[PDB]
>>> print(open('entry-v8.txt').read())   # compact mmCIF, C-alpha atoms
# COMPACT_ATOMS: atom_id res chain seq x y z
CA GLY Y 146 70.23 17.48 -41.57
CA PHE Y 147 71.24 14.63 -43.87
CA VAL Y 148 72.71 14.59 -47.38
CA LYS Y 149 72.25 11.36 -49.32
CA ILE Y 150 75.21 9.94 -51.23
CA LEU Y 151 73.90 8.59 -54.53
CA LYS Y 152 74.98 5.25 -55.96
CA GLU Y 153 75.38 4.14 -59.56
CA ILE Y 154 73.02 1.31 -60.49
CA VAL Y 155 73.88 0.91 -64.18
CA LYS Y 156 77.11 1.56 -66.07
CA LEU Y 157 76.59 2.78 -69.64
CA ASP Y 158 79.01 3.18 -72.51
CA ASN Y 159 80.00 6.79 -73.13
CA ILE Y 160 76.96 8.89 -73.96
CA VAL Y 161 76.66 12.43 -75.28
CA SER Y 162 73.21 13.14 -73.83
CA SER Y 163 70.09 11.21 -72.89
CA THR Y 164 66.38 11.56 -72.28
CA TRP Y 165 63.97 9.19 -70.53
CA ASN Y 166 60.60 8.21 -71.95
CA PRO Y 167 57.94 10.57 -70.57
CA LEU Y 168 55.53 7.75 -69.71
CA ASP Y 169 57.69 4.66 -69.12
CA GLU Y 170 60.02 4.96 -66.13
CA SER Y 171 62.20 2.11 -67.41
CA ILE Y 172 63.01 3.38 -70.91
CA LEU Y 173 66.03 5.55 -71.67
CA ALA Y 174 67.17 6.98 -75.00
CA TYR Y 175 70.80 8.01 -75.30
CA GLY Y 176 72.98 9.45 -78.03
CA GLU Y 177 76.49 8.26 -78.79
CA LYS Y 178 79.42 9.64 -80.75
CA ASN Y 179 79.47 7.11 -83.60
CA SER Y 180 76.43 8.47 -85.47
CA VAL Y 181 74.11 6.28 -83.41
CA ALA Y 182 71.67 6.49 -80.50
CA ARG Y 183 70.16 3.63 -78.54
CA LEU Y 184 66.92 2.85 -76.76
CA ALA Y 185 67.41 0.85 -73.57
CA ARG Y 186 65.35 -0.57 -70.76
CA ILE Y 187 66.52 -0.61 -67.15
CA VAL Y 188 64.69 -2.97 -64.80
CA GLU Y 189 65.52 -4.41 -61.39
CA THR Y 190 65.42 -8.15 -60.71
CA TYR Y 197 70.11 -6.01 -59.08
CA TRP Y 198 69.71 -3.81 -62.16
CA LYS Y 199 69.53 -5.11 -65.71
CA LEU Y 200 70.30 -3.06 -68.82
CA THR Y 201 68.77 -4.31 -72.07
CA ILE Y 202 69.15 -2.60 -75.45
CA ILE Y 203 65.78 -2.21 -77.18
CA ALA Y 204 67.09 -0.86 -80.47
CA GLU Y 205 69.85 0.95 -82.32
CA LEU Y 206 68.90 4.25 -83.96
CA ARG Y 207 71.67 4.71 -86.51
CA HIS Y 208 72.29 7.62 -88.89
CA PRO Y 209 74.35 6.99 -92.03
CA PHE Y 210 77.43 9.14 -92.57
CA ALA Y 211 76.91 11.78 -95.26
CA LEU Y 212 77.90 11.05 -98.84
CA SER Y 213 79.88 14.28 -98.55
CA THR Y 220 82.66 13.08 -86.76
CA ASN Y 221 78.87 12.72 -86.68
CA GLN Y 222 77.74 12.47 -83.07
CA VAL Y 223 74.09 12.39 -82.02
CA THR Y 224 73.53 15.92 -80.69
CA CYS Y 225 69.86 15.91 -79.79
CA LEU Y 226 67.09 13.51 -78.76
CA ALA Y 227 63.43 14.35 -78.14
CA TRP Y 228 60.55 12.05 -77.21
CA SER Y 229 57.03 12.99 -78.29
CA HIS Y 230 54.76 13.93 -75.37
CA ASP Y 231 52.93 10.61 -75.66
CA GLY Y 232 56.22 8.72 -75.47
CA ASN Y 233 55.54 6.64 -78.59
CA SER Y 234 57.93 8.44 -80.94
CA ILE Y 235 61.37 10.00 -80.72
CA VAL Y 236 63.46 12.30 -82.92
CA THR Y 237 67.25 12.02 -83.08
CA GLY Y 238 69.52 14.66 -84.60
CA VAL Y 239 73.18 14.45 -85.60
CA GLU Y 240 76.09 16.80 -86.25
CA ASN Y 241 75.50 16.94 -90.00
CA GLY Y 242 71.97 18.21 -89.43
CA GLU Y 243 69.91 15.14 -90.26
CA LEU Y 244 66.88 14.26 -88.16
CA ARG Y 245 65.33 10.78 -87.96
CA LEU Y 246 61.96 9.84 -86.46
CA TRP Y 247 61.53 6.50 -84.69
CA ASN Y 248 58.86 4.54 -82.83
CA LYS Y 249 59.52 3.65 -79.18
CA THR Y 250 60.28 0.06 -80.21
CA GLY Y 251 62.96 1.25 -82.64
CA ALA Y 252 61.25 1.23 -86.04
CA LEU Y 253 62.35 4.04 -88.37
CA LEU Y 254 59.32 6.17 -89.26
CA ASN Y 255 60.68 9.03 -91.33
CA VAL Y 256 63.88 10.83 -92.31
CA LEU Y 257 63.77 14.63 -92.03
CA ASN Y 258 66.85 16.10 -93.69
CA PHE Y 259 67.19 19.84 -94.28
CA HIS Y 260 69.52 21.23 -91.60
CA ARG Y 261 73.23 21.32 -92.47
CA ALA Y 262 74.59 22.10 -89.00
CA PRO Y 263 74.46 20.35 -85.58
CA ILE Y 264 70.95 20.07 -84.12
CA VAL Y 265 70.60 21.90 -80.81
CA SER Y 266 66.87 21.84 -80.08
CA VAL Y 267 63.78 19.86 -81.11
CA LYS Y 268 60.34 20.51 -79.62
CA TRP Y 269 57.12 18.57 -80.26
CA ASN Y 270 53.73 20.27 -80.31
CA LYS Y 271 50.78 19.13 -78.17
CA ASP Y 272 49.20 16.50 -80.43
CA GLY Y 273 52.44 15.11 -81.85
CA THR Y 274 51.88 16.25 -85.43
CA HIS Y 275 54.54 18.96 -85.72
CA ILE Y 276 58.03 19.66 -84.45
CA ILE Y 277 60.31 22.68 -84.48
CA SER Y 278 64.01 22.00 -84.91
CA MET Y 279 66.91 24.42 -84.68
CA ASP Y 280 70.60 23.99 -85.40
CA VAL Y 281 73.73 25.79 -84.19
CA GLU Y 282 73.58 28.27 -87.08
CA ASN Y 283 70.08 29.14 -85.87
CA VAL Y 284 68.39 27.77 -88.96
CA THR Y 285 64.96 26.89 -87.58
CA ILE Y 286 62.51 24.56 -89.28
CA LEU Y 287 58.81 23.86 -88.72
CA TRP Y 288 58.01 20.31 -89.82
CA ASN Y 289 54.86 18.31 -90.36
CA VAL Y 290 56.52 15.36 -88.61
CA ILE Y 291 54.12 12.77 -90.01
CA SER Y 292 54.63 13.65 -93.68
CA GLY Y 293 58.21 14.75 -93.05
CA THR Y 294 57.73 17.97 -94.99
CA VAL Y 295 59.18 21.43 -94.38
CA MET Y 296 56.35 23.85 -93.63
CA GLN Y 297 58.44 26.89 -92.76
CA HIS Y 298 62.12 27.76 -92.49
CA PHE Y 299 63.63 30.65 -90.55
CA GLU Y 300 67.10 32.20 -90.78
CA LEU Y 301 66.77 35.23 -88.50
CA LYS Y 302 70.53 35.83 -88.22
CA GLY Y 318 77.05 34.97 -83.33
CA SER Y 319 74.44 32.58 -81.95
CA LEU Y 320 70.97 34.02 -81.33
CA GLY Y 321 70.24 31.30 -78.80
CA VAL Y 322 69.87 27.55 -78.36
CA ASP Y 323 66.21 26.87 -77.57
CA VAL Y 324 62.75 27.10 -79.17
CA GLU Y 325 59.30 26.41 -77.71
CA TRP Y 326 55.64 25.82 -78.53
CA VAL Y 327 53.23 28.24 -76.85
CA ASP Y 328 50.01 26.80 -78.29
CA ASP Y 329 48.95 23.89 -80.50
CA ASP Y 330 49.77 26.07 -83.50
CA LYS Y 331 52.01 28.83 -82.12
CA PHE Y 332 55.69 28.86 -81.22
CA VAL Y 333 58.63 31.08 -80.29
CA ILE Y 334 62.22 31.20 -81.52
CA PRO Y 335 65.26 33.42 -80.80
CA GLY Y 336 65.52 36.52 -82.96
CA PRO Y 337 68.22 39.18 -83.41
CA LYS Y 338 69.60 41.17 -80.46
CA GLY Y 339 67.95 39.03 -77.78
CA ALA Y 340 64.42 39.35 -79.15
CA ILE Y 341 62.05 36.38 -79.10
CA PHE Y 342 59.86 36.08 -82.20
CA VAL Y 343 56.35 34.63 -81.97
CA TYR Y 344 54.83 32.70 -84.88
CA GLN Y 345 51.67 30.90 -85.95
CA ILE Y 346 52.01 27.76 -88.09
CA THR Y 347 50.22 29.18 -91.15
CA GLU Y 348 52.07 32.51 -91.28
CA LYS Y 349 55.67 33.33 -92.23
CA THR Y 350 55.43 36.80 -90.68
CA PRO Y 351 55.86 36.91 -86.87
CA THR Y 352 52.59 37.53 -85.01
CA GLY Y 353 54.59 39.38 -82.37
CA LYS Y 354 57.99 40.10 -80.88
CA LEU Y 355 59.01 39.83 -77.23
CA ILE Y 356 61.63 42.51 -76.60
CA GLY Y 357 63.67 42.70 -73.41
CA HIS Y 358 66.73 40.45 -73.34
CA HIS Y 359 70.15 41.84 -74.26
CA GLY Y 360 71.86 38.57 -75.12
CA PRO Y 361 71.34 35.13 -76.75
CA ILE Y 362 68.32 33.12 -75.60
CA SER Y 363 69.39 30.01 -73.68
CA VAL Y 364 66.02 28.75 -72.46
CA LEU Y 365 62.39 28.89 -73.59
CA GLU Y 366 59.82 27.04 -71.47
CA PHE Y 367 56.07 27.50 -71.77
CA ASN Y 368 53.74 26.63 -68.89
CA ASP Y 369 50.47 25.39 -70.41
CA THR Y 370 48.54 25.93 -67.17
CA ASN Y 371 49.30 29.57 -66.35
CA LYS Y 372 49.94 30.31 -70.05
CA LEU Y 373 53.23 32.06 -69.35
CA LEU Y 374 56.53 31.77 -71.19
CA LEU Y 375 59.77 31.56 -69.21
CA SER Y 376 62.93 32.70 -71.00
CA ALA Y 377 66.57 32.76 -69.90
CA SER Y 378 69.44 34.59 -71.55
CA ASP Y 379 73.21 34.94 -71.64
CA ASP Y 380 72.43 38.40 -70.25
CA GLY Y 381 72.05 36.75 -66.86
CA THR Y 382 68.32 37.31 -66.48
CA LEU Y 383 65.07 35.40 -66.60
CA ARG Y 384 61.95 36.94 -68.06
CA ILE Y 385 58.32 35.84 -67.78
CA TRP Y 386 56.03 36.71 -70.70
CA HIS Y 387 52.25 36.99 -70.81
CA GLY Y 388 51.62 39.20 -73.83
CA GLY Y 389 51.98 37.94 -77.38
CA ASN Y 390 53.89 41.10 -78.16
CA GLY Y 391 55.66 43.80 -76.18
CA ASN Y 392 57.36 43.82 -72.78
CA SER Y 393 57.70 41.07 -70.19
CA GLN Y 394 55.64 40.53 -67.04
CA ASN Y 395 58.65 39.75 -64.83
CA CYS Y 396 62.41 40.19 -65.16
CA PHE Y 397 64.66 38.55 -62.56
CA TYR Y 398 68.17 39.92 -61.96
CA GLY Y 399 70.69 38.18 -59.75
CA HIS Y 400 72.81 35.74 -61.71
CA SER Y 401 76.28 37.13 -62.39
CA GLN Y 402 76.94 34.93 -65.42
CA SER Y 403 75.03 33.21 -68.23
CA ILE Y 404 72.04 31.11 -67.24
CA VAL Y 405 72.47 27.56 -68.51
CA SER Y 406 69.10 26.06 -67.55
CA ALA Y 407 65.74 27.17 -66.15
CA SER Y 408 62.43 25.46 -65.40
CA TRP Y 409 58.97 26.13 -64.08
CA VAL Y 410 58.37 24.96 -60.52
CA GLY Y 411 54.62 24.67 -60.42
CA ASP Y 412 52.77 27.74 -61.67
CA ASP Y 413 54.05 30.43 -59.29
CA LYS Y 414 57.81 29.86 -59.29
CA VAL Y 415 60.74 29.31 -61.65
CA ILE Y 416 64.21 27.96 -60.94
CA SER Y 417 67.48 28.63 -62.72
CA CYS Y 418 71.14 27.67 -62.57
CA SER Y 419 74.15 29.44 -63.99
CA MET Y 420 77.82 29.46 -64.85
CA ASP Y 421 78.12 31.55 -61.67
CA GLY Y 422 77.67 28.31 -59.73
CA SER Y 423 74.31 29.20 -58.19
CA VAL Y 424 70.81 27.75 -58.23
CA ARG Y 425 68.07 30.32 -57.70
CA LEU Y 426 64.37 29.83 -56.98
CA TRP Y 427 62.18 32.81 -57.87
CA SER Y 428 58.66 33.78 -56.79
CA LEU Y 429 56.28 35.29 -59.33
CA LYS Y 430 53.71 36.13 -56.64
CA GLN Y 431 56.22 38.14 -54.60
CA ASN Y 432 58.51 39.20 -57.47
CA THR Y 433 61.63 38.20 -55.59
CA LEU Y 434 64.36 35.63 -55.04
CA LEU Y 435 62.87 33.01 -52.73
CA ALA Y 436 65.94 30.86 -52.12
CA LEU Y 437 69.41 30.11 -53.44
CA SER Y 438 72.33 27.73 -53.11
CA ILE Y 439 75.83 28.15 -54.47
CA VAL Y 440 79.17 26.40 -54.83
CA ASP Y 441 81.46 29.42 -55.18
CA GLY Y 442 83.80 29.23 -58.15
CA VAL Y 443 82.26 26.05 -59.55
CA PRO Y 444 80.14 26.63 -62.68
CA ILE Y 445 76.98 24.62 -63.31
CA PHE Y 446 76.72 23.12 -66.80
CA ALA Y 447 73.13 21.87 -66.67
CA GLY Y 448 70.07 21.71 -64.45
CA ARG Y 449 66.93 19.56 -64.70
CA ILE Y 450 63.67 19.62 -62.77
CA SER Y 451 62.02 16.34 -61.80
CA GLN Y 452 58.64 15.31 -63.20
CA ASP Y 453 56.91 16.10 -59.91
CA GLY Y 454 58.64 19.48 -59.67
CA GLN Y 455 59.94 18.70 -56.18
CA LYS Y 456 63.60 18.09 -57.02
CA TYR Y 457 66.18 19.96 -59.09
CA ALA Y 458 69.36 18.22 -60.24
CA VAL Y 459 72.43 20.14 -61.37
CA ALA Y 460 75.78 19.09 -62.82
CA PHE Y 461 78.77 21.09 -61.65
CA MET Y 462 81.93 21.59 -63.69
CA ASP Y 463 83.83 19.48 -61.15
CA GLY Y 464 81.79 16.40 -62.05
CA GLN Y 465 79.51 16.52 -59.03
CA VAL Y 466 75.74 16.23 -59.29
CA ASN Y 467 73.66 17.91 -56.60
CA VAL Y 468 69.97 17.19 -56.16
CA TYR Y 469 68.09 19.99 -54.40
CA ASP Y 470 64.83 19.52 -52.54
CA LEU Y 471 62.07 22.01 -53.29
CA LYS Y 472 59.33 20.19 -51.35
CA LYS Y 473 59.18 22.43 -48.28
CA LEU Y 474 59.71 25.54 -50.40
CA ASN Y 475 56.67 24.46 -52.43
CA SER Y 476 54.52 23.48 -49.45
CA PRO Y 491 67.71 34.57 -48.97
CA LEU Y 492 66.55 31.13 -47.83
CA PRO Y 493 68.88 28.26 -48.72
CA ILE Y 494 67.76 25.49 -51.09
CA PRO Y 495 68.09 22.21 -49.13
CA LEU Y 496 70.68 19.81 -50.54
CA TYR Y 497 68.96 16.44 -50.86
CA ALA Y 498 71.73 14.30 -52.34
CA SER Y 499 75.04 14.34 -54.19
CA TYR Y 500 76.84 12.08 -56.68
CA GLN Y 501 80.62 12.29 -57.12
CA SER Y 502 83.83 10.27 -56.80
CA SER Y 503 87.54 10.98 -56.67
CA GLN Y 504 88.34 8.28 -59.24
CA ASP Y 505 88.10 10.66 -62.23
CA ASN Y 506 87.78 14.39 -62.93
CA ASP Y 507 85.71 14.20 -66.12
CA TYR Y 508 83.01 16.78 -66.93
CA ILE Y 509 79.28 16.06 -66.95
CA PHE Y 510 77.63 17.60 -70.04
CA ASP Y 511 74.07 16.41 -69.51
CA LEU Y 512 71.71 14.74 -67.07
CA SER Y 513 68.13 13.50 -67.29
CA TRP Y 514 65.41 12.30 -64.92
CA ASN Y 515 63.25 9.25 -65.54
CA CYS Y 516 59.53 10.00 -65.25
CA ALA Y 517 59.19 8.41 -61.80
CA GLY Y 518 62.00 10.52 -60.39
CA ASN Y 519 63.96 7.56 -59.02
CA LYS Y 520 66.73 7.51 -61.63
CA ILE Y 521 69.02 10.04 -63.29
CA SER Y 522 71.18 9.39 -66.35
CA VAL Y 523 74.53 11.18 -66.20
CA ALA Y 524 76.43 11.90 -69.41
CA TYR Y 525 80.17 12.46 -68.97
CA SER Y 526 82.18 14.12 -71.74
CA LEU Y 527 84.62 11.25 -72.25
CA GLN Y 528 84.11 8.36 -69.84
CA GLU Y 529 81.22 5.94 -69.45
CA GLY Y 530 77.76 7.24 -68.69
CA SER Y 531 76.10 6.40 -65.40
CA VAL Y 532 72.55 5.75 -64.22
CA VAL Y 533 72.14 6.62 -60.55
CA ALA Y 534 69.33 5.76 -58.16
CA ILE Y 535 67.52 8.61 -56.41
CA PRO Y 536 66.01 7.50 -53.08
CA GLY Y 537 62.48 8.60 -52.25
>>> encode(input="entry-v8.txt", output="structure tokens")
Amino acid sequence: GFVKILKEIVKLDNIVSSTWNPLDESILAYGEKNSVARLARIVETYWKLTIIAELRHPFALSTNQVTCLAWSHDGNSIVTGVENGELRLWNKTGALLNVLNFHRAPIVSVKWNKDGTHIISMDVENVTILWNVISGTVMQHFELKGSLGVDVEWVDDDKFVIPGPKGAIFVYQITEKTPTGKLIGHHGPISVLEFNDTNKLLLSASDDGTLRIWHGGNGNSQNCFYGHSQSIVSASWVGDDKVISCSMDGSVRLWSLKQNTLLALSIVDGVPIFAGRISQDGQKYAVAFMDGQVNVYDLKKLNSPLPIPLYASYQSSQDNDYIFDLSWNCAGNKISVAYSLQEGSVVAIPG
């Protein structure tokens, strides 16, 4: 009955991607193309943007854009990865803590474990590394191999999953090189791996157009959701009984585990979605369409063939640039939009 039109509150330089601090609603980390990322604070007085620190990566002895950023769960540390494969660890104030260099290809995913002592990193060539992030040492290295997928995930304080051949998902324990199990079901590269630490279920998405929910540490999946007609680009848990996904088919779909069925969906026919992100409170889902428009969907009533209510939209006819990434601040009142070429934008999300 009313769609909000979002406004920009802060203009950024061009950014490749960004991620807000998990515990401080005012701190944003963003990667840039010139082998550098920055930590910034955004506070209202209007809105003021202040750079906290520069997180620079040297060019290799031999383009080197920052391709990945990941805050620790406690929000005190952050890992940045660049095109040449190097990873650097920093404190939230900017101090360099450690240099973790082993990958030789662009970093695509970095996941921190529960207590902030280990991370799993994976590059475009699917080389996956388990690091003791404090000592900066390589504990395990995996080369299971086109792309096998672009995500990895921790499923316990000492257990994790990574994409394997032919759509399989391999399960590992920190102290063992041999997989403890294999999750077989997908028929294409793994695009998303999200573990829910409350219901203890793993959500996976694949280029095969399906989502799977896994309970067992080996074997078949608990749920398999068909519906998307093209690759799934993003997927998230919505509480403990639902999952939401978006795809290149231009649709956003909310699924029910309790009823094993599609609960609701919204679509912009012919307009692919490049990325989707769930808010901290799990009540809003923001997606970036190929046409440069950002739609924020409201899941509130659905959580209290149905359509997913459109809460707000961000767009303008002054440029036709693509949006490659978006991120929510922890309070859910700001979203950082990363355009492919033009300046980034921080937009306010009304409550």
>>> residues_around(input="entry-v8.txt", residues="region 328-344 of chain Y", least_positions_apart="5", cutoff="7 Å", atoms="all atoms listed in the file", output="MDAnalysis selection string")
chainID Y and resid 270:271 301:302 320:321 351:362
>>> write_last_selection(input="entry-v8.txt", atoms="C-alpha atoms", output="PDB file, in the frame of the given file")
ATOM      1  CA  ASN Y 270      53.730  20.270 -80.310  1.00  0.00           C
ATOM      2  CA  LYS Y 271      50.780  19.130 -78.170  1.00  0.00           C
ATOM      3  CA  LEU Y 301      66.770  35.230 -88.500  1.00  0.00           C
ATOM      4  CA  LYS Y 302      70.530  35.830 -88.220  1.00  0.00           C
ATOM      5  CA  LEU Y 320      70.970  34.020 -81.330  1.00  0.00           C
ATOM      6  CA  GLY Y 321      70.240  31.300 -78.800  1.00  0.00           C
ATOM      7  CA  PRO Y 351      55.860  36.910 -86.870  1.00  0.00           C
ATOM      8  CA  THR Y 352      52.590  37.530 -85.010  1.00  0.00           C
ATOM      9  CA  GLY Y 353      54.590  39.380 -82.370  1.00  0.00           C
ATOM     10  CA  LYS Y 354      57.990  40.100 -80.880  1.00  0.00           C
ATOM     11  CA  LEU Y 355      59.010  39.830 -77.230  1.00  0.00           C
ATOM     12  CA  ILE Y 356      61.630  42.510 -76.600  1.00  0.00           C
ATOM     13  CA  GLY Y 357      63.670  42.700 -73.410  1.00  0.00           C
ATOM     14  CA  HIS Y 358      66.730  40.450 -73.340  1.00  0.00           C
ATOM     15  CA  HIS Y 359      70.150  41.840 -74.260  1.00  0.00           C
ATOM     16  CA  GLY Y 360      71.860  38.570 -75.120  1.00  0.00           C
ATOM     17  CA  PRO Y 361      71.340  35.130 -76.750  1.00  0.00           C
ATOM     18  CA  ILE Y 362      68.320  33.120 -75.600  1.00  0.00           C
TER      19      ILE Y 362
END
>>> residues_near_point(input="entry-v8.txt", point="(50.6, 27.5, -67.8)", cutoff="7 Å", atoms="all atoms listed in the file", output="number ranges by chain")
Y: 367-373, 412
>>> atom_distance(input="entry-v8.txt", atom1="CA of residue 440 (chain Y)", atom2="CA of residue 495 (chain Y)")
13.1 Å
>>> atom_distance(input="entry-v8.txt", atom1="CA of residue 209 (chain Y)", atom2="CA of residue 160 (chain Y)")
18.4 Å
>>> residues_around(input="entry-v8.txt", residues="residue 247 (chain Y)", least_positions_apart="3", cutoff="12 Å", atoms="all atoms listed in the file", output="VMD selection string")
chain Y and resid 174 182 to 184 204 to 208 226 to 229 232 to 238 244 250 to 257 290 to 291
>>> atom_distance(input="entry-v8.txt", atom1="CA of residue 472 (chain Y)", atom2="CA of residue 455 (chain Y)")
5.1 Å
>>> closest_residue(input="entry-v8.txt", among="Y:319, Y:390, Y:528, Y:378", to="residue 402 (chain Y)", atoms="only C-alpha atoms")
Y:378
>>> closest_residue(input="entry-v8.txt", among="Y:246, Y:286, Y:168, Y:439", to="residue 452 (chain Y)", atoms="all atoms listed in the file")
Y:168
>>> residues_near_point(input="entry-v8.txt", point="(64.9, 26.5, -78.0)", cutoff="7 Å", atoms="all atoms listed in the file", output="VMD selection string")
chain Y and resid 266 322 to 325 334 364 to 365
>>> closest_residue(input="entry-v8.txt", among="Y:198, Y:443, Y:476, Y:386", to="residue 411 (chain Y)", atoms="only C-alpha atoms")
Y:476
>>> residues_around(input="entry-v8.txt", residues="residue 221 (chain Y)", least_positions_apart="2", cutoff="9 Å", atoms="all atoms listed in the file", output="PyMOL selection string")
chain Y and resi 178-181+208+210-211+223-224+239-241+263
>>> write_last_selection(input="entry-v8.txt", atoms="C-alpha atoms", output="compact mmCIF listing (two decimals), in the coordinates of the input")
# COMPACT_ATOMS: atom_id res chain seq x y z
CA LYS Y 178 79.42 9.64 -80.75
CA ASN Y 179 79.47 7.11 -83.60
CA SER Y 180 76.43 8.47 -85.47
CA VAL Y 181 74.11 6.28 -83.41
CA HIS Y 208 72.29 7.62 -88.89
CA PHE Y 210 77.43 9.14 -92.57
CA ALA Y 211 76.91 11.78 -95.26
CA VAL Y 223 74.09 12.39 -82.02
CA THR Y 224 73.53 15.92 -80.69
CA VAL Y 239 73.18 14.45 -85.60
CA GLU Y 240 76.09 16.80 -86.25
CA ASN Y 241 75.50 16.94 -90.00
CA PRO Y 263 74.46 20.35 -85.58
>>> closest_residue(input="entry-v8.txt", among="Y:220, Y:162, Y:406, Y:171", to="residue 524 (chain Y)", atoms="all atoms listed in the file")
Y:162
